[PDB]
Amino acid sequence: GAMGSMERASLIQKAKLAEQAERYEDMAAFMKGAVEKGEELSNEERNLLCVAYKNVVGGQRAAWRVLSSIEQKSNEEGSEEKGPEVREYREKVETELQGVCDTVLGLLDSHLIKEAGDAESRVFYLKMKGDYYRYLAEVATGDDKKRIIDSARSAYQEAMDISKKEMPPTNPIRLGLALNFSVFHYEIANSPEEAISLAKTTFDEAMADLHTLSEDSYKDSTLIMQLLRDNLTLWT
Amino acid sequence: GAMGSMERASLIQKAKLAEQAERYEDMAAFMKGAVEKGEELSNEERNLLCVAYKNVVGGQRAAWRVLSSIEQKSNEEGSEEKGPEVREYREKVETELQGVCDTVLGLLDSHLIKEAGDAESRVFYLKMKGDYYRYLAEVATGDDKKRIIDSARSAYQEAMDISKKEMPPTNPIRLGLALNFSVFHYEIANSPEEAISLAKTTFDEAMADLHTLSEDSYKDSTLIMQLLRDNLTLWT
Amino acid sequence: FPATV
Amino acid sequence: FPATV
Ligand SMILES: *SCCCNC(=O)C(C)(C)Oc1ccc(Cl)cc1
Ligand SMILES: *SCCCNC(=O)C(C)(C)Oc1ccc(Cl)cc1
Ligand SMILES: [Mg+2]
Ligand SMILES: [Mg+2]
Ligand SMILES: [Mg+2]
Ligand SMILES: [Mg+2]
C-alpha cells in the first residue's frame, strides 16, 4: 500500500489536516493506511475513519442519485433516445461507490471487527458494516441483492444485540445505530412499521435515561434523539 | 489517454452529466478528452472546459490555503514542533494543484490557442492561460517565480489587447478578463493602484455601453460589472 | 432523504 | 478573497 512507508502517527495527523482542508478522499486514504498498520483504533481514530468514508461515499451516493434520476427519465415514454452515455456514466459512478464500500468492508473484516472486544468499538464497527452493506443495497439490482440486504440486516442486528446489553440507552453509538437501522428498515427492507417502531422506542428509552447524564453527555445524546424525531416526523 | 476510445460527442454529453452530479474531476477529465480529439471547441464547449477546471483547481486552492495557514502558525514563536507532516501534506496538495495547472496550460498550448482566431475564443483561452499561471504564482516561491508571474501578465496582456480592439466594452469575456487581470495586479503583482484603475475604467466603459444591449445581454454584463464593483469596494 | 449518522 | 470568474 502507498501509505506503508508512513508512520501511523503521521497518517493520523495528516487525516486531521485533510479533514480541516475538506479533502475527504485524502482523509480516507490516510485512515486506511493507519488501519493497515494492524493496531486497534482508539475512539478518536475510529471517528476519523468514519468521518472520512462517510463523506466520500456520501458524495458518491448523491451523484449516483442524480444520474439515476436522469436515467429514469430517459426511459419514460416520449423521451428521445440519447444513447448509452447516461447508463455508462451512472455505472461508472456506481462501480466507484461499490469499490469504496468494498474497501471499508475489507478493513472491517481484516481485521477490525475480530479484534474489537469492547462494546464501544465492536458496536461501532458492526454499525459501519451494516451501513456499507446498506449503501451497496441502495445500488444493487442483481442475483445477490437479497443477500446484500441480509448482510446489512445481520450486521445491524448483532450491533443492536450488543448495544442493548452493554450500553445505556443514551449512548450516542447506540442511538446512531438505531437511527440507521431504522432507516434501513424504511428505505431498504420495505418495513416502514418496523422503522417507526424502532425510532420511537429508541427515542423514548433515551428520554427516560437523560436524567443520569452530565450537561455535555446530554447535548450529545439529545442531538441524535432529534434526528430520530426528525425521521418520525417525516414518516408519520 | 484513457478517453481516447470515447466519442467526442459522448465526452461532451458526459461532461454535462458530471456537472449536474457535481463531479468536477470527472467533468475535467471528460473535457480534456474532448480537447484531445483535436477539433476546435464551440462556445458551449469552452464554457464546459472552463467550469470543470475552475471547480477542480478552486477546491485545491482552498485546501492549499487552509494548510498554508496551519503551516504558517506552526512556524510562529512559541509553537510546538509537530514534525514535517504539515509541510509534507501542504506540498502534496501543492504538487497536485500544479499538476492541474500544467495540464490546463498544456491543453492551451497543444493546441487550443494556436487554432483560435476569433476574438471570442482567443481572448477566452489567453485569459485562461493568465488564470492558470496566476494559480501557479500563488504557490510559487522559487527561482522561476518572477517568470511565472510574467507569464501570467503576458497572457492577460495579449488577451486585453485583443479584447479592446475586437469586443464591445460590455462583452462578458472582456469583463471577466479585466476582473481577473485586476485581481492579478492586486494579489500577485503588488500593484493595487493598477488593480483599482483597471476595475474602475472597465466598469465605467461597460456602463456607457449598456444602452446598446438587449435585456438578456444586459443581465450578463451587469452580473460581472457587479463583481468589479465588489472588488472596488473591498479595495477602497 | 431521512437522517443517518 | 476578491472576486474572479
Ligand atoms: S462518521 C462519525 C459521525 C460524526 N459524528 C456525528 O455525526 C455525531 C455527532 C452525530 O456523532 C456520532 C456518534 C456516534 C455514531 Cl455511531 C455516529 C455519530
Ligand atoms: S468557467 C466559466 C465561468 C462560468 N460563468 C461565469 O462565472 C459567468 C456567468 C460570470 O460568465 C462568464 C463569462 C465569460 C467569462 Cl471569460 C467568465 C465567466
Ligand atoms: Mg513500530
Ligand atoms: Mg453495476
Ligand atoms: Mg471521426
Ligand atoms: Mg512545492
# chains A, B, ... in the order shown; residues from 1 in each chain; ligands from 1
$ residues_around --residues "residue 4 of chain C" --least-positions-apart "2" --cutoff "9 Å" --atoms "only C-alpha atoms" --output "list in words"
residues 176, 177, 179, 180, 181, 183, 227 and 228 of chain A; 2 of chain C
$ interface_residues --of "chain B" --to "chain D" --cutoff "10 Å" --atoms "only C-alpha atoms" --output "PyMOL selection string"
chain B and resi 50-51+54+131+173+175-184+186-187+224+226-232+234-235
$ residues_near_ligand --ligand "ligand 3" --cutoff "10 Å" --atoms "only C-alpha atoms and all ligand atoms" --output "list in words"
residues 7, 8 and 37 of chain A
$ interface_residues --of "chain B" --to "chain A" --cutoff "9 Å" --atoms "only C-alpha atoms" --output "PyMOL selection string"
chain B and resi 10-11+13-14+17-18+20-23+59-60+62-67+70+83-86+89
$ residues_around --residues "residue 48 of chain A" --least-positions-apart "6" --cutoff "9 Å" --atoms "only C-alpha atoms" --output "ChimeraX atom specification"
/A:12,15-16,19,27-28,31
$ atom_distance --atom1 "atom CA of residue 104 of chain B" --atom2 "atom CA of residue 149 of chain B"
16.7 Å
$ atom_distance --atom1 "atom CA of residue 208 of chain A" --atom2 "atom CA of residue 172 of chain A"
14.7 Å
$ residues_around --residues "residue 138 of chain A" --least-positions-apart "4" --cutoff "9 Å" --atoms "only C-alpha atoms" --output "list in words"
residues 61, 133, 134, 187 and 188 of chain A
$ write_last_selection --atoms "N, CA, C and O atoms" --output "CSV table (one decimal), in the first residue's frame"
chain,number,residue,atom,x,y,z
A,61,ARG,N,-22.9,8.7,-3.4
A,61,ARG,CA,-24.3,8.4,-3.3
A,61,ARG,C,-25.1,9.6,-3.9
A,61,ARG,O,-26.1,9.4,-4.7
A,133,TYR,N,-22.9,-2.2,3.8
A,133,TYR,CA,-23.8,-3.1,3.1
A,133,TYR,C,-25.1,-2.4,2.6
A,133,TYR,O,-25.6,-2.6,1.5
A,134,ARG,N,-25.6,-1.5,3.5
A,134,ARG,CA,-26.8,-0.7,3.1
A,134,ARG,C,-26.5,0.2,1.8
A,134,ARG,O,-27.4,0.2,0.9
A,187,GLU,N,-36.1,2.3,4.2
A,187,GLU,CA,-35.7,2.6,2.8
A,187,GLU,C,-35.2,1.3,2.1
A,187,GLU,O,-35.2,1.3,0.8
A,188,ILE,N,-34.7,0.3,2.8
A,188,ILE,CA,-34.1,-0.9,2.1
A,188,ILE,C,-35.0,-2.1,2.3
A,188,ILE,O,-35.2,-2.8,1.3
$ residues_near_ligand --ligand "ligand 4" --cutoff "9 Å" --atoms "only C-alpha atoms and all ligand atoms" --output "compact mmCIF listing (two decimals) with C-alpha atoms, in the first residue's frame"
# COMPACT_ATOMS: atom_id res chain seq x y z
CA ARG A 90 -24.15 6.05 -13.83
CA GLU A 91 -22.41 2.66 -13.96
CA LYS A 92 -19.00 4.33 -13.65
CA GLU A 94 -21.79 3.09 -9.18
CA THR A 95 -18.67 0.96 -9.64
CA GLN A 98 -19.08 -0.12 -4.72
CA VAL A 139 -27.50 0.36 -5.91
CA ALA A 140 -27.96 -3.41 -6.13
CA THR A 141 -30.31 -4.96 -8.69
CA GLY A 142 -28.88 -8.45 -9.29
$ select_by_dssp --residues "segment 22-145 of chain A" --states "alpha helix (DSSP H)" --output "VMD selection string"
chain A and resid 24 to 35 43 to 74 85 to 107 113 to 115 119 to 139 145
$ residues_around --residues "residue 166 of chain A" --least-positions-apart "6" --cutoff "12 Å" --atoms "only C-alpha atoms" --output "PyMOL selection string"
chain A and resi 117-123+159-160+173-174
$ atom_distance --atom1 "atom CA of residue 49 of chain A" --atom2 "atom CA of residue 124 of chain A"
11.1 Å
